[PDB]
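Q: Before I ask anything, let me first share the structure, which is written out below as C-alpha cells.
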Amino acid sequence: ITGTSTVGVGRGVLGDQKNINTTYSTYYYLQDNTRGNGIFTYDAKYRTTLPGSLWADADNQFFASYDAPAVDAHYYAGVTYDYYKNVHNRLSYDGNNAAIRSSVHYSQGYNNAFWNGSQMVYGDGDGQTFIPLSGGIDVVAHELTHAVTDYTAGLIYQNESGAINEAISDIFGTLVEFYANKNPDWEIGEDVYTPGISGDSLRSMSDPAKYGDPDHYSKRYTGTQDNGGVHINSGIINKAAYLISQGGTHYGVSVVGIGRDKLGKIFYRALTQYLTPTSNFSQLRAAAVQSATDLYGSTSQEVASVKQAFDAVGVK
Ligand SMILES: N[C@@H](CCCC[NH3+])C(=O)O
Ligand SMILES: [Ca+2]
Ligand SMILES: [Ca+2]
Ligand SMILES: [Ca+2]
Ligand SMILES: [Ca+2]
Ligand code: NA
Ligand SMILES: [Zn+2]
Ligand SMILES: [Zn+2]
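Have a look at this one:
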C-alpha cells in the first residue's frame, strides 16, 4: 500500500523485543519499504486461504500474543534479505528485489511452514510439537531459500534432487542463523520445536542420525514416503556441508574444515551456476568441486575439503 515508512516495536514468539519496519496509512501495516520492493506480512486468521489480509495494527505496537508470529516472520524475512544481499550480492529471492510475502496464523494447530511457490506460510503449531514456526530464524530462512532455489537451480522436489533442495534450505537456514548470531547451531527448528523438551529439533546437520536421518549414501532411503525421502536423504548432504565448514572424521574419512563463509560461497555458487532441476548427489559433488575450483583453484585446500566431505558421506 501507499504510505509513509514507520518503525514499530513489538515482541516475537520467544518474548524478545524488536523494532519492525511498518507503513502508515490509517493503520500501521507490516510492510517494510526499506528492503527491495518491500517485505509484506499477512494474517491468515487461522484459515487456509492465502495470503489473507496485510497485517494492520492501530498503534504500531505489536506486543499481543497474537502479534508475535507476525513480528518474527516480518523481522526474520528482513534478516534473511540482508544475508543474501550483504553476503551473496543477491537482491531478494529472484535476484531482482521481488517483494517478499509471508502469512502467519495459517490454519489451526498447523505444525509446519512452507514456501508455496509465491510466498512463505507459517503455522502456529499445536503448542506441543511446535510453537508458531516463524519464531525460528532458521525456519524462516529455510523457507525463503526454497524461493532462491526455485528461481535458480530449480531442483525438482523429489528423490535426490529434492533432497538437495531440502539440504540447500537447511544449509542457508543455518548460515542465516549464524549471520544473525543469536544462539546459532547446526540443528533445524530448535527454537520452536517441543517447548517442553530442551535440546531437540527436527533435524541435525552435524549428526543427522540423531533423528533417524542418513549420514552416508549407503543408508539412503529409496522408498516413496516424503517425495522419495527429500527431508530424510537431505541428511547426507547436510552432513557433507557440516564437514566442509567445521571439519571432522566421519566413517574414518577426515575432512579439514574451511569455515562457514567459504561453505556459503561454494554452495551459493553451485546453486546458482551449476545445479539444474534434475541434479543428483553425484552431480552436486561435481558442482561443489567446480565451484570451489572457480573461487580458490583446483589445488586449493577448499577443493580438497569438498572432495573429502563428499567421500566421507559416500557420494562419488
Ligand atoms: N518440514 C518437514 C518437517 C515436518 C515439520 C513438522 N511436521 C516436513 O514437511 O516433513
Ligand atoms: Ca497494536
Ligand atoms: Ca539456534
Ligand atoms: Ca538452528
Ligand atoms: Ca524442544
Ligand atoms: Na526424523
Ligand atoms: Zn524445506
Ligand atoms: Zn519440505
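To convert, note that position 109 of the sequence shown is 153 in this note's numbering; the numbers rise steadily by one, no gaps. Ideal placement from N, C-alpha and C gives every residue a C-beta, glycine not left out.
1. Report yes or no: do the segment 213-228 and the segment 168-188 share at least 3 C-beta pairs separated by less than 8 angstroms?
2. Taking DSSP as the reference, what is the three-state secondary structure of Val-236?
3. Looking only at its chain, what residues have a beta carbon closer than 6 angstroms to the beta carbon of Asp-111, apart from the 5 residues adjacent to it on each side?
4. What do you reckon, is the C-beta of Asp-101 under 6 angstroms from a heavy atom of ligand 2?
5. Please give the ranges of any beta strand (DSSP E) in the segment 122-182, keeping only runs that are unbroken, at least 3 residues long and fully inside the region.
6. Hey, is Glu-231 close to ligand 4, as in C-beta under 6 angstroms from one of its heavy atoms?
7. Measuring only from the beta carbon, is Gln-269 closer than 6 angstroms to any heavy atom that is part of ligand 2?
8. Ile-175 and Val-131 - do their beta-carbons sit closer together than 7 angstroms?
9. Hey, would you say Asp-116 sits closer than 7 angstroms to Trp-99, going by beta carbons?
10. DSSP on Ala-100, reduced to helix/strand/coil?
11. Note down, one range per segment and in chain order, each beta strand (DSSP E) of at least 3 residues found wholly within the segment 253-293.
12. Can you find at least 3 beta carbon pairs, one from the segment 143-156 and one from the segment 165-175, that sit closer than 8 angstroms?
13. For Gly-52, which three-state DSSP category applies?
14. On the DSSP letters alone, give me the boundaries of the beta strand (DSSP E) that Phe-107 sits inside.
15. Report yes or no: do the segment 323-334 and the segment 201-213 share at least 3 C-beta pairs separated by less than 8 angstroms?
16. If I'm right that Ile-310 touches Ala-336 with Cβ under 8 angstroms, what's the distance once you round it to whole angstroms?
17. Assuming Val-274 contacts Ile-181 (C-beta within less than 8 angstroms), just tell me the rounded distance between them.
18. Going by the DSSP bridge assignment, what does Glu-231 pair with across the sheet?
19. Below 8 angstroms on the Cβ atoms is my guess for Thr-70 versus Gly-52; work out the distance and round it to an integer in Å.
20. Please determine whether the Cβ atom of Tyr-295 lies at a distance below 6 angstroms from any heavy atom of ligand 5.
21. If we call anything under 7 angstroms between Cβ atoms a contact, is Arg-145 one with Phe-84?
22. What residues sit near ligand 8, counting only those whose C-beta is closer than 7 angstroms to one of its heavy atoms, in chain order?
23. If you drop the 5 nearest sequence neighbours on each side, which residues of the same chain put their C-beta closer than 8 angstroms to that of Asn-77?
24. Can you grab the Cα-Cα spacing for the pair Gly-56 / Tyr-120, in whole Å?
A: Reading from the atomic positions:
1. yes
2. Coil.
3. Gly-54
4. yes
5. 144-150, 157-159 and 164-167
6. yes
7. no
8. It is not a contact, given that the beta carbons lie outside the stated cut-off.
9. In this structure, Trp-99 does not lie closer than 7 angstroms to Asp-116 by Cβ.
10. strand
11. none
12. yes
13. strand
14. No beta strand (DSSP E) holds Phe-107; DSSP gives it neither H nor E.
15. yes
16. 5 angstroms
17. Not a contact, Cβ separation roughly 22 angstroms.
18. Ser-248
19. Not confirmed; about 15 angstroms, so no contact.
20. no
21. yes
22. Taking each Cβ in turn, the ones that pass are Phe-158, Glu-210, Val-274 and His-275.
23. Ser-49, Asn-65 and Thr-67
24. 10 angstroms
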